[PDB]
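> only geometry, no sequence info:
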């Protein structure tokens, strides 16, 4: 089936750069209007730039002069060179195909957006890679672990090496004012087992090669 | 820039209910308005173009109406696979612009939250920072009021709250509120309290501890 | 077999088994100013029009579903 695939995302510092690329399955870029649409919790969906079928480029105001969209004809490569990036550019970027509808009067372009890539993550931050600190949330009873001061996302949290999954709640991370992320992972267990049952949270942060096992017991 | 105003930003619906989402454009756009559906972790799916024309494979319960400035998306009978976020998008002029989205959520009966408070660990207190967590477990609907009190002083601007997604099983929410204080401010005061106001509770619920017991 | 396929109208090798070219027209919300939509592709069985003003034309020679 027809698909679009993005590449070139990652983590960059303010003023840095990133070159996103898009490869198509089952069609040729030069026959369609192609678009880049980004999405972030805060501004929602935002059309960033477009390169129509005839070769003309268009840009949103917040991006013009810093982003360059281009097409490598017959090479199946639509690119977006993003220069002088800002924190405000942190988003998931979608490669999007402008629709091409045919009528008895001819062809019409970009009435809508019919093909969307899976998306690539772009994050602009002054922070550097850092392992998390894991603190217990000592105690039906509730207990948990506080996973604080790490960068970048994501972390994975398990309980008792994966044997404990029922009642587990792992909240979405929050970007603190220091530029570092934080979240908690909690679980509800019977009050009768607080003295006899062992509870471990296993925190894995791949970007920093950090792995912490923290025992959580009442005080 | 054409501004699209989707209403409501969120709504609860049961299976079989009739769902109505509106989209208002800040100027005339004729019928150049489209509707998309997006699931979490996924890319948006085109559902309707030209205000009323369905894409191939879109079920007949979806329908669209409107021309000019006032547009409507209707789900004649809400189905389990229709709980998602819906966006309108104008194609009248540059730049292409989207609405803020309408998140359709699963309606259920009201359930009061189960509240817990956690004092900071002595490990974190070695770092010069203290975190206090208030847990609201398995409640519905999402709207809840969490107030922090430190020796009866109302805290403001020094706490963040995070919310889980609607649970796949009971369709409840869970929330954590995290109070961040310096080690010096933490050890100056004794009583730390979290008061929770929710529709499912008879009266607001307070949880508290005394620093050092 | 080969048929003209939409969106970008070109001759394409049909997915094997499919030996029927088709032409499908219907009315959009823009039909007043642009006319009928038109879809072109391959198929193993000549499609059956759902309802309304959807008409479907089929043939079985190379690139026989020319654009109207």
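On my side now, so go ahead. Residues are numbered from 1 along each chain as shown, chains lettered A, B, ... in the order given.
> what about residue 22, which SS state?
Because you didn't say which chain, this covers chain A. At residue A:22 the chain is in strand, as set by DSSP: H, G, I helix; E, B strand; the rest coil.
> How much space separates it from chain B?
13 Å (C-beta to the nearest C-beta, to the nearest Å). Bear in mind the C-beta positions are built from the backbone N, C-alpha and C, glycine included.
> in the sheet, who's paired with that residue?
residue A:6, residue A:78 (DSSP bridges).
> Surely it and residue A:71 touch.
No. If you go by C-beta atoms under 8 Å, residue A:22 and residue A:71 don't touch, sitting 9.6 Å apart.
> Spit out the residues that contact those two alike.
Common neighbours of residue A:22 and residue A:71, counting by C-beta atoms under 8 Å, 6 or more residues apart in numbering or on different chains, are A:34, A:77, A:78, A:79.
> circling back: residue A:22 and residue A:71: which has the busier surroundings?
residue A:22 (27 against 18; other C-beta atoms under 10 Å in any protein chain shown).
> OK, contacts around that one?
A:4, A:5, A:6, A:7, A:34, A:77, A:78, A:79, A:80, A:95, A:117.
> Wasn't residue C:32 part of a strand?
No. With three-state DSSP as the criterion, residue C:32 is helix rather than part of a strand.
> what's the burial count for it?
8.
> now swap in residue A:141 and tell me
14.
> I figured it hits residue A:191, correct?
Yes. Between residue A:141 and residue A:191 there is a contact under C-beta under 8 Å: 4.5 Å.
> thinking again about what came up before, ok, of the contacts of residue A:22, which one's closest to chain B?
residue A:117 (6.6 Å; C-beta to the nearest C-beta).
> just checking, that closest one touches residue A:95?
Yes. With contact defined as C-beta under 8 Å, residue A:117 reaches residue A:95; the gap is 3.9 Å.
> Overlap in contacts, those two.
A:4, A:5, A:6, A:22.
> More neighbours: residue A:117 and residue A:95, which one.
Applying other C-beta under 10 Å to residue A:117 and residue A:95 shows that residue A:95 carries more neighbours, namely 27 against 21.
> Hmm, that one is touching residue A:3, no?
No. Applying C-beta under 8 Å as the test, residue A:95 and residue A:3 come out as separate, 9.9 Å apart.
> Select the longest strand from chain A.
Within chain A, and with DSSP state E defining each element, the longest strand by residue count is strand A:91-103.
> starting at the chain centroid, how far to it?
In terms of C-alpha atoms, centre = their mean, to the nearest Å, the centre of strand A:91-103 is found 20 Å from the chain centre.
> is it up against chain B anywhere?
Yes. Strand A:91-103 comes into contact with chain B (C-beta under 8 Å from any C-beta of the partner chain), by way of A:94, A:99.
> other SSEs contacting that strand?
In terms of contacts (3 or more C-beta pairs under 8 Å, 6 or more residues apart in numbering or on different chains; DSSP states H and E), strand A:91-103 is packed against strand A:3-7, strand A:18-25, strand A:34-40, strand A:44-51, strand A:106-116, strand A:120-124, strand C:36-43.
> in the fifth one, what's buried?
Just to be clear, that refers to strand A:106-116. Neighbour-count burial for strand A:106-116 flags A:110, A:111, A:112, A:113, A:114, A:115, A:116 (criterion: 16 or more other C-beta atoms under 10 Å in any protein chain shown).
> neighbours of the closest residue to the first one other than its chain neighbours, just the number please.
Sequence neighbours aside, residue A:98 is the residue nearest to residue A:110 in space, at 3.8 Å (criterion: C-beta to C-beta, 6 or more residues apart in numbering or on different chains). Counted with other C-beta under 10 Å, residues neighbouring residue A:98 total 21.
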